[PDB]
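As given, the protein sequences belong to chains C and F, one line each in that order. So the first sequence is residues 35 to 164, counted in UniProt numbering. So the second sequence is residues 49 to 164, counted in UniProt numbering. C-beta atoms are modelled at their ideal positions from N, C-alpha and C, and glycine is treated no differently.
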Amino acid sequence: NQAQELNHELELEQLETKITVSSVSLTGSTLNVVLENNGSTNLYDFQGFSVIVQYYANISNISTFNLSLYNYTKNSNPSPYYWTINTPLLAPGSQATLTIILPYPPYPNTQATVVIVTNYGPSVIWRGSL
Amino acid sequence: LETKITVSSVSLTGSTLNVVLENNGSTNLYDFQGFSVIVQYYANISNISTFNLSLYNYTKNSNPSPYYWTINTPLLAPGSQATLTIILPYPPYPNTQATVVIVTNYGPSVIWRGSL
Ligand code: NA
């Protein structure tokens, strides 16, 4: 293929950004995601990230599909439907912990999907058991 | 200024999912490469109904490849509608749950929940 053209449509930073999920752990209704920066861009514009979680919620004892978007906050103890991260800047070759506050504890033995989209475009999907 | 989008209709033929979006906000929407599009559905993979949740990438091509989406306007202005078309990797298994998530470049989003 032809080399990609860098112009008004495509920024090098899109090609240079890469995140992976090292681990996901659940405590109560709190998801702690260890996010790793495997690219060469600094990540700091967290308000510009998108975070989606799909899971099965325990709503009054009923296992109920839930898919929601989560909004960023600098607050270290977020409300439900909010997430935060324990660093002001996630540099290449480092990890940070992204904390997502779910509206309900997950129903046990169900699968969940976490989607994290950087402000630059590139993203990561994690699917698994909690 | 506020950004707001709503789903007017959802329609399906084969693996082609058409979402008619209305701009009910004050902002003009045009930075489609900066949108995020996520679909959860049940794919028919060799007659097997299979959970699928994937992210879809933007293209200007009016006939996108699987895992791509496009929209049939250069700009979605307040008060107007346009069709966001998503090309799924498999035809949906009949009469199954789906969730469509469209995130604008500004942040605000819309989620459609139904069946295919
Ligand atoms: Na079925």
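In the three-state DSSP reduction, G162(C) falls in the strand class (E or B).
Taking a contact to require three or more Cβ pairs closer than 8 Å, the stretch 57–67 of chain F and the stretch 91–107 of chain C do not qualify as touching. Under the three-state reduction of DSSP output, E70(F) falls in the strand class. Within the model, the alpha-carbon separation for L136(F) versus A146(F) is close to 12 Å. Taking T144(C) as the centre and dropping the five residues before and after it, the same chain places the C-beta of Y90 closer than 6 Å to its C-beta, in chain order. Taking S84(C) as the centre and dropping the five residues before and after it, the same chain places the C-beta of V151 closer than 6 Å to its C-beta, in chain order. Residues of chain F with a Cβ closer than 7 Å to the Cβ of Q88(C) are, in chain order, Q88, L101. Linking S57(F) to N72(F) through their CA atoms gives a straight-line distance of about 15 Å.
Residue pairing by DSSP leaves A125(F) without any beta bridge partner. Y138(F) has its CB no nearer than 7 Å to any heavy atom of ligand 1. C-alpha of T75(C) to C-alpha of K52(C): approximately 8 Å in a straight line. In the DSSP secondary-structure assignment, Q88(C) is bridged to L101(C), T147(C).
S97(F) has its CB nearer than 7 Å to a heavy atom of ligand 1. In this structure, the straight-line span from the alpha carbon of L77(C) to that of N95(F) is close to 42 Å.
Distances taken from the Cβ of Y89(F) to the heavy atoms of ligand 1 include none shorter than 7 Å. It is roughly 21 Å from the alpha-carbon of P114(C) to the alpha-carbon of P122(C). In terms of beta-carbon proximity, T107(C) stays away from the interface with chain F, with every pair separated by 8 Å or more. Relative to the Cα of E43(C), the nearest Cα in the group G155(C), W160(C), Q81(C), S97(C) belongs to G155(C).
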